[PDB]
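Trainee: no sequence for this one, just the structure:
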Ligand SMILES: COc1ccc2c(c1)c(CC(=O)O)c(C)n2C(=O)c1ccc(Cl)cc1
Ligand SMILES: COc1ccc2c(c1)c(CC(=O)O)c(C)n2C(=O)c1ccc(Cl)cc1
């Protein structure tokens, strides 16, 4: 079993690397000054944003809005590709596969968003750019309040100091939650999570031997993930009631209508 769990961990990590182009490792190298990667253009005001458009591949709050959207959709596409590699996932009832993805993708998105963040801002455009926390906070209501909750989580979450091999199993654990609403066959989902949970436990113990109860502390973080989703959805509802001229991407619209 112990050798089997390591096999499971290595399998998931390999799938993770194959599925997510911008890893935490790449993100850290960019954010700290490493020579393996190159420096981002920093956007911190209106003119940096204007010049950033020239360097990086009508209202700005709207443009930034539309930017996250395309990125979220892309992320959903990646997380979906990853889930199919989770042993057992494709063998589940198709309705359950959908349900697991529906409630799971945003929790993974915010998890992985933490990798691209520090207390000062977030990587964008596959790491070419960097948007500051304060520029985001300064955006007009309600747009200014969207990102700050993510930062506060990311700051707390990044203190756990997980690397990608850690995250690979954790996101796998998130997808295979037996307590999602509407699931038909909970039992096969829980059997897969049991093994995934076992593998996370051993992975965290071997990769972080000195940080006690990291497993427990990491599982407790799923609480914070939920509140991020709940709060976000409510802020989105304000947008739809106010900006009747724009809409969510169909895929995003399906994920959200009607989650909770
Ligand atoms: C990756 O997490 C985010 C962050 C912001 C998001 C989204 C997702 C989505 C998509 C989603 O909810 O998955 C939309 C549609 N966002 C916005 O409109 C928005 C509003 C204000 C600002 Cl300052 C920035 C973006
Ligand atoms: C999910 O987290 C975020 C937050 C902000 C983002 C993005 C992602 C992306 C997508 C990405 O990160 O690749 C873009 C593109 N964001 C912009 O604010 C932006 C910058 C310049 C222009 Cl012209 C328009 C929008």
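Mentor: Done, it's in. Numbers count the residues shown, from 1 in each chain. Ligands and ions are numbered 1, 2, ... in the order given.
Trainee: near ligand 2, which residues of the stretch 51-200 of the chain? Just list them.
Mentor: With Cβ under 6 Å from any ligand atom as the criterion, the stretch 51-200 of the chain meets ligand 2 at residues 53, 63, 64, 67, 68, 71, 122, 124, 125, 126, 131. Yep, even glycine has a C-beta here, placed from its N, CA and C like the rest.
Trainee: now do the third one against residue 71, distance only.
Mentor: Distance from residue 64 to residue 71, counting by Cβ to Cβ, to the nearest Å: 11 Å.
Trainee: near ligand 1, which residues of the stretch 51-200 of the chain show up?
Mentor: Near ligand 1, when you scan the stretch 51-200 of the chain using Cβ under 6 Å from any ligand atom, you find 64-65, 68-69, 72, 106, 109, 113, 136, 139, 143, 146-147.
Trainee: so how far is the longest helix anywhere in the chain from its chain's centroid?
Mentor: Longest helix in the chain, counting residues (DSSP state H): helix 214-242. Centroid displacement of helix 214-242 relative to its chain, using Cα atoms, centre = their mean, to the nearest Å, is 11 Å.
Trainee: cool, stretch 232-243 as well?
Mentor: Distance, centroid of stretch 232-243 to centroid of chain: 21 Å (Cα atoms, centre = their mean).
Trainee: pull out the buried residues from that stretch.
Mentor: 232, 239 (16 or more other Cβ atoms under 10 Å).
Trainee: just stretch 146-155 next, same as before
Mentor: Neighbour count says stretch 146-155 has 146, 147, 149, 150, 151, 153, 154 buried, by 16+ other Cβ under 10 Å.
Trainee: let me know the angle separating the helix or strand hosting the fourth one from helix 214-242.
Mentor: Assigning secondary structure by DSSP states H and E places residue 150 in helix 148-158. Relative orientation of helix 148-158 and helix 214-242, computed by axes from the mean of the first three to the mean of the last three Cα atoms, to 10 degrees: 170 degrees.
Trainee: which helices and strands does helix 148-158 pack with?
Mentor: Applying 3 or more Cβ pairs under 8 Å, 6 or more residues apart in numbering; DSSP states H and E, we find helix 148-158 packed against helix 94-113, strand 117-118, helix 133-137, helix 214-242.
Trainee: how about the nearest residue to the residue nearest the centre of the chain, chain neighbours excluded?
Mentor: Residue closest to the mean C-alpha point of the chain, counted by Cα atoms, centre = their mean, is residue 109 at 1.9 Å. The shortest distance from residue 109 to any non-neighbouring residue, by Cβ to Cβ, 6 or more residues apart in numbering, is to residue 75 (5.2 Å).
Trainee: the one you found is in contact with residue 111, isn't it?
Mentor: No - shown here, residue 75 and residue 111 do not form a contact pair, counting by Cβ atoms under 8 Å, at 10.7 Å.
Trainee: so which of these two has more stuff around it?
Mentor: Just comparing residue 75 and residue 111: by other Cβ atoms under 10 Å the higher neighbour count belongs to residue 111, 22 against 18.
Trainee: quick one: contacts for that one?
Mentor: Contact partners of residue 111, counting by Cβ atoms under 8 Å, 6 or more residues apart in numbering, are 157, 167, 170, 171, 174, 225.
Trainee: now it: how far from residue 1?
Mentor: To residue 1, residue 111 is 27 Å away according to Cβ to Cβ.
Trainee: many thanks, I have nothing further to ask.
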